[PDB]
Each structure stands twice: as structure tokens, then as C-alpha cells.
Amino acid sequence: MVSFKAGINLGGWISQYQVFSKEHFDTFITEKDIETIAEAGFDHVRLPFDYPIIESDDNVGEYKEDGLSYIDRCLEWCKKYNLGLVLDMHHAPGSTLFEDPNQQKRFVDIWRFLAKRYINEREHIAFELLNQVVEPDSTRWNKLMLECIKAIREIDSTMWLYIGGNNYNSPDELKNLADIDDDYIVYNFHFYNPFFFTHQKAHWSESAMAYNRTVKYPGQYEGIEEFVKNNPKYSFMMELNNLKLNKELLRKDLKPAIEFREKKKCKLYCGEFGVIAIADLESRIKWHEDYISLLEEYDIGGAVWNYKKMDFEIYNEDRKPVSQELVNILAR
């Protein structure tokens, strides 16, 4: 039996790669990595991929077997170590996806193709449709998601599909998803609360970079009022002034997902959650311990971000954990 409860992400491999290089692709993740993950106790891996490894915008419809090989081999390694694999589309075609039906067509076609390609794999693979959803409302995503589900179901009636909502799969956007009468659906949400703690000093976040402050957990945001005074552009941060960071805050942020499930009686999954590696170790470990305990209390499976690199590393390049206590907590 394969399970999808205590996983880890393989971001930075065939998704969010620096340069499109075969050297990177052949070496970033190898069988030794899957072996390490399996020996640690995780039951599955989440594999983000960006469309270009599979389809070029030029010869649309012509799928690259060379890119597909990275996915095929990962499936092999997973089957070998009895791990599940959640195949996740990070960057879809198009942002114009919800504007251009051609982009919509390619998106659906790519999933139709993958459903066919992996039709004989019944227990080690699951599909997670799309990660990047940031829209004014869910109307357009709901339309595309339904077509995609439909297209896939004509080919595979029992393939498990992972579906997330708007606002980067926010837990409070699940309620805005169209009702899918389907029993093989798992609802996904990401969780990085409190943001200025999990992304403190994240170089890719303008506000976090402007704030440029170390934060501990449990603890409290400090100097917000002083920061806003100097930077009126970030006035909205005044809402966070002196916010107390503790386990009850995390429980409150998780509430919307729990309420949705209480109504839908569905399965929930947290595909991404984590803390930036530069945070102090003690706080980093404590946040995971508290969050994992909430996931276990509510029986919600998930995958921590990230296996290696991507600034959220759980393992060094030497395939050794940054902290053994941390890995133990995450493997449940």
C-alpha cells in the first residue's frame, strides 16, 4: 500500500530551475535522493514541473520525450522504494491562461496526454492540476478546472486529482471552488503563516526585504509601527502590528480548510508549507512541530517545502538532514 500523508517536495529540479540544462536535470535529483527520502520515513514526494520541460511554445502539441524521461524515472525510483508521487503542474501555458483559449487548450491537452501515458500506474501516482492561481475571483479557474477534470475522466475514471483554489491555493479559497461530483478528488491548500516569519528576509519578497527583520517563533512581530513610519508604501502592514505568533494563531489560520471539509466531507492535503532556512534553527523546528501536530490532529496529509535548495532546504547537498529532529517530525 502506498500512502500520501508525510511527504516532501522536489522543487528546483524540473520546476523553478535556473537555466534549462540537461546537466542540472540529470544531477539535481537522482535515485540516491529518493532512497534517502524513503529511508527517512516519508511516504511520498511531490514533484513540481513547469510546462517547458514537456512542451515548447513553438511546436505546440509535440511532447518532448526527453523531458518526460525525468518524470518516468522518478516514478520508477518511487515504485522501487514504495513511495507515492504527486505530479504537480507549477507553471502552465500562459499571465494569459485565463484570457487565451489556446493556452487553455494546451493545458488540457497536456493533462490528457499524461493521463494516457500513466494509465497503467494505479497506486503510485496522483495528479495535481495547477499551482499558480491568482485571479480576482474563481469564475475562470472553475471553468477551466471543470473542463480539465472532464477531459481526464474520459481517459481515467479513478485517477486521484489534487485540486487547489485561487490566491495560490489559499485555505480560505477552497469554498470558492465549483462543486465537483467526483470521489477521486483531494483538496489542496498551501500554508506559510505567519508570512513574515516563514519568509523573513526572503530576497524575492519586496515587503519582506523592506521589513528586513529577524522574527522568532513563538514570539511577536517587532517594530512594525516604526517600519511603517519610514515606509508608508507598506502601510497595510500596520494590521500586523505586535501580532503574537503561537500555535493558536496557526490553528486559526487553518480553520477555513477545516470548515470547508466539515461541509464537503472531502479529503484535504497541504501540498506546501515550510520555513526559510535562514530562520534560527530553534524557531524553525518549533514551527514545523506545531504545524505538523495540527495536521496530525485533523488528519491532513502534506508535503514540506523543500527537499534541497530553494532557500527552504530540509537536507544539505550531502543528503544529510539540516536537523535530524526536524526530519523525524516531518516524516510523522
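Residue numbers here begin at 1 and follow the sequence given.
Per the record, residue 94 and residue 95 are separated by 4 to 9 deposited residues that have no coordinates. Higher mean CA B-factor, judged across 246 to 254 and 128 to 136 from the recorded values: 128 to 136. With 95 to 103 and 150 to 158 compared on mean CA B-factor from the PDB entry, the stretch scoring higher is 95 to 103. Per the deposited coordinates, the residue with the largest Cα temperature factor out of 211, 197, 118, 168 is 168. Within the selection 190, 80, 201, 216, the deposited Cα B-factor values reach their highest point at 80. For residue 15, the recorded CA B-factor ranks within the middle third of the chain. Only modelled residues enter the ranking. Residue-level temperature factors show residue 37 in the middle third of its chain, judged at the C-alpha atom. The deposited CA B-factor of residue 330 belongs to the lowest third of values across its chain. Per-chain ranking of the deposited C-alpha B factor places residue 54 in the highest third. In this PDB entry, residue 88 carries a Cα temperature factor that places it within the lowest third of its chain's modelled residues.
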